[PDB]
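Data first, discussion second: the structure below is written as structure tokens.
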Amino acid sequence: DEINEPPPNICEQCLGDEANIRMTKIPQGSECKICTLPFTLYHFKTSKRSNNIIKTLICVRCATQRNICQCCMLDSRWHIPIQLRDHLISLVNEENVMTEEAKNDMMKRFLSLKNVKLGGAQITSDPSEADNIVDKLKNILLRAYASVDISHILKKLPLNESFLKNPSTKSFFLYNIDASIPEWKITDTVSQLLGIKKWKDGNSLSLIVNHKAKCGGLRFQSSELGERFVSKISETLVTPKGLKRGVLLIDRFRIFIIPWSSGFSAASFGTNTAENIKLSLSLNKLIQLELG
Amino acid sequence: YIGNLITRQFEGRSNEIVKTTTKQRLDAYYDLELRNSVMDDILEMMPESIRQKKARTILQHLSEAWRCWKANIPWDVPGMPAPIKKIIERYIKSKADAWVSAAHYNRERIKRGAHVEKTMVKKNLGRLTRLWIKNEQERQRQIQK
Amino acid sequence: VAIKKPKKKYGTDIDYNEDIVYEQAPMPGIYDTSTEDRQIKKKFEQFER
Amino acid sequence: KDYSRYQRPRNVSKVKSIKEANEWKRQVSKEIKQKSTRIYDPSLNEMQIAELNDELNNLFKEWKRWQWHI
Amino acid sequence: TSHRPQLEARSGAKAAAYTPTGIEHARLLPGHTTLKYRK
RNA sequence: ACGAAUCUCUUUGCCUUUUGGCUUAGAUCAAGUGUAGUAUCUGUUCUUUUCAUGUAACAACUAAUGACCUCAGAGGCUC
RNA sequence: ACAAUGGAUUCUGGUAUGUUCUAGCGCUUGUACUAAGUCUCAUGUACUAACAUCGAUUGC
Ligand SMILES: [Zn+2]
Ligand SMILES: [Zn+2]
């Protein structure tokens, strides 16, 4: 029906805070992002003096089948993305719900003209069928390489020196880094410790972490920061031979440090992926030798 | 004109091109309507259990009957059902009424010189020589009887 | 090296392997075919394994 | 960059440049692919494989020659 | 083969779902724009 | 001459890879040479374009690679 | 004693049509020796024109 068409589905947070919004209707505007088929393009601005036009990117049929708005394509209730919506319902019904989309232009147009709901769009747009699953979300919250010749590399890693105040170095050697714990999280924890925040402007610290070798190093400019990095770390572990090592403390993780006393560079950790895995396998013993 | 050209550039041409009937294809569209009417009337005489295979074979007795008509050969199929033979002879006579009357109409046009196609002069010659011999063979049988 | 696909002859040409095509779902029925779908999915994944 | 007029070419010495030789080398590998595909066929005729088999020996000898120059 | 009878005609079900073009035909130009009503 | 089951076989039923338009049968049932056009190969003519012995003394080469150190890749040293 | 004067041009025309032509990486397993191009003429061959070919007189 070209003379009887639904009103558009737009979020409240796309429309924003103001009361009256002048919206422009173009009866066959752009074509839909999803079904590649033309529709009534609505576009508007939040305020009069704004500088960003907010367009409706998809048609109302693709917006109804997913239960999303046309502008930001987030869900109409819960205001979350579709990939996260179908994952949260998957933990409640214990089965995979998923809206699947055709890669084929004759099967993008076919899938839009049917009057079904897709994915979590049966659960959402029914308020009774959505609130009880939020209650079922609440009970979930009540639960709350032996052949490698690695010996050329381990001479350059320190592994035998202590974390004292007295050496004045720029570089350090961070080992026991998990395959999680992203490179930004270690620079933010050090910069929170020194108060040298927005460090990327002045380039106060430079950090290299491999994530295969489970090891890394962080370089400082201006060596007087090195005594600030030593003195602001209180907790240390002493190996039962000696040779105390400081612990950086990312949440639930422990990262050991030794002053390198030279610049490690890239490729100190490894020059091949198969080669770097054995250095993590080399270290895992020394961590167990350091602790136990 | 140019408005049709520019919109055909921006949008492409329509996929719903329905061809009107023409002098070029009136013999083609006549047989499509003639085959559908024969295929309807036989499928309604059938008691049950007739498919796309049995409807496909019966339409070849329609083509064979019209070749026997143009040859002035009596079309008699042994074992043909008498309702279904009655249907085909009704439509072969119907097609013959159009075939003969088109030979009378086009003959009067060729005598007047009033824009007959070069193919149709060879076609009207080929029709009348079948009509002349069919009238000749019928005259032979009236003396023999 | 992967198998190359036959190139599209026209614009809306269809790769039949990528998508179930003009899928028509079996009409919803009163018989709750829920465990049957689990067993068929398990057997299908077992086949492709 | 064109080079269609230029032979394979069986002579090697005439072109001093290696970067140009980079293009000449593909000019050969492509034929290696065409004929190579032309090696297995439903008919599997001896005469067709037999000529292709000789072409393979000729190409492998050329690969030995390029390796020897290096 | 390749010269076939029709098993079914082309339906208007297929042309109804297509998108229109809006091309201007000479026989769809306006003419006889007033209807005549019987007494 | 009536087996509760399997296989093999015979006969009816089923036809299960079991003729998919049209019109003037859609039309016809025929030696060499001559001319014009395109393509390939060979011959000739015309024009254009691609280079430069022996002995003695001196200088350069056989820039790159490896290792160590400083600075935030370069600099120095040795082989 | 007669003054009378129509035309007019474009388009749809044997190779048509059809296919392949991944250089630039998506993480895991696994020092083997010297023929240029263009233009014109001639000859040879192949294809092609859906080209054409019989109009008339005699010394045994
Ligand atoms: Zn859409
Ligand atoms: Zn939105």
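Residues are referred to by chain and number: the chain letter is A, B, ... according to the order shown in the structure tokens, the number counts from 1 in that chain, and ligands are numbered separately from 1 in the order shown.
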
Shell of 10 Å around ligand 1 (only C-alpha atoms (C1' of nucleotides) and all ligand atoms), written as an mmCIF file with C-alpha atoms, in the first residue's frame:
```
data_model
loop_
_atom_site.group_PDB
_atom_site.id
_atom_site.type_symbol
_atom_site.label_atom_id
_atom_site.label_comp_id
_atom_site.auth_asym_id
_atom_site.auth_seq_id
_atom_site.Cartn_x
_atom_site.Cartn_y
_atom_site.Cartn_z
ATOM 1 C CA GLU A 31 16.851 2.972 -0.196
ATOM 2 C CA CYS A 32 17.041 0.811 2.920
ATOM 3 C CA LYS A 33 20.397 -0.369 4.233
ATOM 4 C CA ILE A 34 19.038 -3.846 4.946
ATOM 5 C CA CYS A 35 16.542 -4.809 2.251
ATOM 6 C CA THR A 36 17.928 -2.409 -0.438
ATOM 7 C CA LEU A 37 14.417 -1.295 -1.331
ATOM 8 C CA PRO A 38 13.133 2.297 -1.313
ATOM 9 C CA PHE A 39 11.141 3.938 1.457
ATOM 10 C CA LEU A 57 18.577 4.576 7.435
ATOM 11 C CA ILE A 58 16.213 1.597 7.167
ATOM 12 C CA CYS A 59 12.603 1.169 6.133
ATOM 13 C CA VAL A 60 9.773 0.665 8.599
ATOM 14 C CA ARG A 61 9.387 -2.984 7.562
ATOM 15 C CA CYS A 62 13.006 -3.738 8.446
ATOM 16 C CA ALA A 63 12.537 -1.656 11.586
ATOM 17 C CA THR A 64 9.445 -3.609 12.637
ATOM 18 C CA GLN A 65 10.885 -7.085 11.960
ATOM 19 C CA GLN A 70 15.121 3.554 11.914
ATOM 20 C CA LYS A 108 17.268 -9.354 1.228
ATOM 21 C CA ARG A 109 14.123 -8.173 -0.563
ATOM 22 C CA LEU A 111 13.027 -11.510 3.809
ATOM 23 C CA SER A 112 11.607 -8.022 4.391
ATOM 24 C CA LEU A 113 8.196 -8.476 2.754
#
```

Non-local contacts of segment 13-17 of chain E (10 Å; only C-alpha atoms (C1' of nucleotides); under 6 positions in same chain excluded) as a list in words: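 Within the cut-off, the hits are residues 113 of chain A; 14, 15, 16 and 17 of chain B.
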
d(atom CA of residue 63 of chain B, atom CA of residue 10 of chain E) in Å: 23.1 Å

Residues of chain F within 12 Å of chain A, counting only C-alpha atoms (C1' of nucleotides), as a PyMOL selection string: chain F and resi 69-73

Residues within 12 Å of segment 37-48 of chain F, only C-alpha atoms (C1' of nucleotides), excluding chain neighbours under 6 positions, as a PyMOL selection string: chain G and resi 36-49

Given 6 Å and only C-alpha atoms (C1' of nucleotides) and all ligand atoms, residues near ligand 2 as a PyMOL selection string: chain A and resi 10-11+14+69+71-74

Could you save those same residues with N, CA and C atoms as a PDB file, in the first residue's frame?
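File written: selection01.pdb
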```
ATOM      1  N   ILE A  10      11.172   5.688  15.547  1.00  0.00           N
ATOM      2  CA  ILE A  10      12.400   6.376  15.929  1.00  0.00           C
ATOM      3  C   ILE A  10      12.492   6.331  17.451  1.00  0.00           C
ATOM      4  N   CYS A  11      13.718   6.287  17.978  1.00  0.00           N
ATOM      5  CA  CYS A  11      13.931   6.291  19.418  1.00  0.00           C
ATOM      6  C   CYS A  11      13.568   7.640  20.028  1.00  0.00           C
ATOM      7  N   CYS A  14      17.092   9.474  19.915  1.00  0.00           N
ATOM      8  CA  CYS A  14      17.413  10.093  18.633  1.00  0.00           C
ATOM      9  C   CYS A  14      16.724  11.442  18.500  1.00  0.00           C
ATOM     10  N   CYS A  69      14.698   1.146  16.030  1.00  0.00           N
ATOM     11  CA  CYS A  69      14.341   2.400  15.403  1.00  0.00           C
ATOM     12  C   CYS A  69      15.003   2.484  14.040  1.00  0.00           C
ATOM     13  N   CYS A  71      16.635   5.207  12.894  1.00  0.00           N
ATOM     14  CA  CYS A  71      17.807   6.074  12.887  1.00  0.00           C
ATOM     15  C   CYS A  71      19.046   5.396  13.463  1.00  0.00           C
ATOM     16  N   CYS A  72      19.020   5.029  14.743  1.00  0.00           N
ATOM     17  CA  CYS A  72      20.217   4.445  15.335  1.00  0.00           C
ATOM     18  C   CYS A  72      20.196   2.926  15.344  1.00  0.00           C
ATOM     19  N   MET A  73      19.073   2.311  14.960  1.00  0.00           N
ATOM     20  CA  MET A  73      18.897   0.857  14.844  1.00  0.00           C
ATOM     21  C   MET A  73      19.168   0.112  16.146  1.00  0.00           C
ATOM     22  N   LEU A  74      18.967   0.776  17.275  1.00  0.00           N
ATOM     23  CA  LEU A  74      18.949   0.112  18.562  1.00  0.00           C
ATOM     24  C   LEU A  74      17.525  -0.324  18.862  1.00  0.00           C
TER      25      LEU A  74
END
```

May I have the residues within 12 Å of residue 31 of chain G as a CSV table (one decimal) with N, CA, C and O atoms, in the first residue's frame, using only C-alpha atoms (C1' of nucleotides) and disregarding those fewer than 5 positions away in the same chain?
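See out_31.csv below for the written result:
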```csv
chain,number,residue,atom,x,y,z
D,13,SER,N,69.6,-13.4,-21.8
D,13,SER,CA,70.7,-12.4,-21.6
D,13,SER,C,70.2,-11.0,-22.1
D,13,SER,O,70.7,-10.0,-21.5
D,65,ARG,N,67.4,-23.0,-14.8
D,65,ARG,CA,68.3,-22.0,-15.4
D,65,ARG,C,68.2,-20.6,-14.6
D,65,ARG,O,69.3,-20.0,-14.4
D,68,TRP,N,70.0,-21.2,-11.4
D,68,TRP,CA,71.5,-21.2,-11.7
D,68,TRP,C,72.1,-19.8,-11.9
D,68,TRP,O,73.2,-19.5,-11.3
D,69,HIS,N,71.3,-18.9,-12.5
D,69,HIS,CA,71.8,-17.5,-12.7
D,69,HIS,C,71.9,-16.8,-11.4
D,69,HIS,O,72.8,-16.0,-11.2
D,70,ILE,N,71.0,-17.1,-10.4
D,70,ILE,CA,71.0,-16.6,-9.1
D,70,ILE,C,72.1,-17.2,-8.2
D,70,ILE,O,72.9,-16.5,-7.6
```

Residues of chain B in helix (DSSP H, G or I), written as number ranges by chain: B: 2-11, 26-45, 54-70, 82-112, 118-144

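Interatomic distance, atom CA of residue 157 of chain A to atom CA of residue 227 of chain A: 20.9 Å.
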
Interface list for chain G, partner chain D, 10 Å threshold, only C-alpha atoms (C1' of nucleotides), as an MDAnalysis selection string: chainID G and resid 20:21 23 31:33

Selected residues written out with N, CA, C and O atoms (P, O5', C5', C4', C3', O3' and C1' of nucleotides), as a PDB file, in the first residue's frame:
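Once everything was written out, this is out-v7.pdb:
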```pdb
ATOM      1  P     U G  20      33.695 -16.508 -16.772  1.00  0.00           P
ATOM      2  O5'   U G  20      35.279 -16.676 -16.758  1.00  0.00           O
ATOM      3  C5'   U G  20      35.886 -17.926 -16.381  1.00  0.00           C
ATOM      4  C4'   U G  20      37.347 -17.931 -16.762  1.00  0.00           C
ATOM      5  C3'   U G  20      38.177 -16.789 -16.197  1.00  0.00           C
ATOM      6  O3'   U G  20      38.642 -17.036 -14.871  1.00  0.00           O
ATOM      7  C1'   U G  20      38.600 -17.000 -18.517  1.00  0.00           C
ATOM      8  P     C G  21      39.103 -15.801 -13.962  1.00  0.00           P
ATOM      9  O5'   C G  21      40.640 -15.624 -14.340  1.00  0.00           O
ATOM     10  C5'   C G  21      41.300 -14.385 -14.135  1.00  0.00           C
ATOM     11  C4'   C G  21      42.245 -14.070 -15.266  1.00  0.00           C
ATOM     12  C3'   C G  21      42.700 -12.623 -15.363  1.00  0.00           C
ATOM     13  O3'   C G  21      43.737 -12.294 -14.460  1.00  0.00           O
ATOM     14  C1'   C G  21      42.020 -13.370 -17.498  1.00  0.00           C
ATOM     15  P     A G  23      46.949 -12.399  -7.703  1.00  0.00           P
ATOM     16  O5'   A G  23      48.508 -12.121  -7.539  1.00  0.00           O
ATOM     17  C5'   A G  23      49.338 -11.862  -8.687  1.00  0.00           C
ATOM     18  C4'   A G  23      50.055 -10.542  -8.528  1.00  0.00           C
ATOM     19  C3'   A G  23      50.132 -10.002  -7.101  1.00  0.00           C
ATOM     20  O3'   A G  23      51.345 -10.410  -6.479  1.00  0.00           O
ATOM     21  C1'   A G  23      49.159  -8.372  -8.504  1.00  0.00           C
ATOM     22  P     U G  31      77.905 -13.068 -17.457  1.00  0.00           P
ATOM     23  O5'   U G  31      78.762 -13.893 -18.516  1.00  0.00           O
ATOM     24  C5'   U G  31      78.207 -15.020 -19.177  1.00  0.00           C
ATOM     25  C4'   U G  31      78.906 -16.295 -18.777  1.00  0.00           C
ATOM     26  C3'   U G  31      78.095 -17.575 -18.925  1.00  0.00           C
ATOM     27  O3'   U G  31      78.096 -18.085 -20.249  1.00  0.00           O
ATOM     28  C1'   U G  31      79.136 -17.532 -16.796  1.00  0.00           C
ATOM     29  P     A G  32      76.886 -17.735 -21.248  1.00  0.00           P
ATOM     30  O5'   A G  32      76.277 -19.150 -21.652  1.00  0.00           O
ATOM     31  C5'   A G  32      74.973 -19.233 -22.208  1.00  0.00           C
ATOM     32  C4'   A G  32      74.726 -20.551 -22.896  1.00  0.00           C
ATOM     33  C3'   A G  32      73.309 -20.748 -23.417  1.00  0.00           C
ATOM     34  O3'   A G  32      73.001 -20.074 -24.643  1.00  0.00           O
ATOM     35  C1'   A G  32      73.973 -22.664 -22.196  1.00  0.00           C
ATOM     36  P     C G  33      74.025 -19.947 -25.891  1.00  0.00           P
ATOM     37  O5'   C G  33      73.146 -19.239 -27.016  1.00  0.00           O
ATOM     38  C5'   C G  33      73.734 -18.794 -28.237  1.00  0.00           C
ATOM     39  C4'   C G  33      73.607 -17.299 -28.419  1.00  0.00           C
ATOM     40  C3'   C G  33      73.941 -16.784 -29.820  1.00  0.00           C
ATOM     41  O3'   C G  33      73.123 -15.652 -30.130  1.00  0.00           O
ATOM     42  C1'   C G  33      75.403 -15.795 -28.252  1.00  0.00           C
TER      43        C G  33
END
```
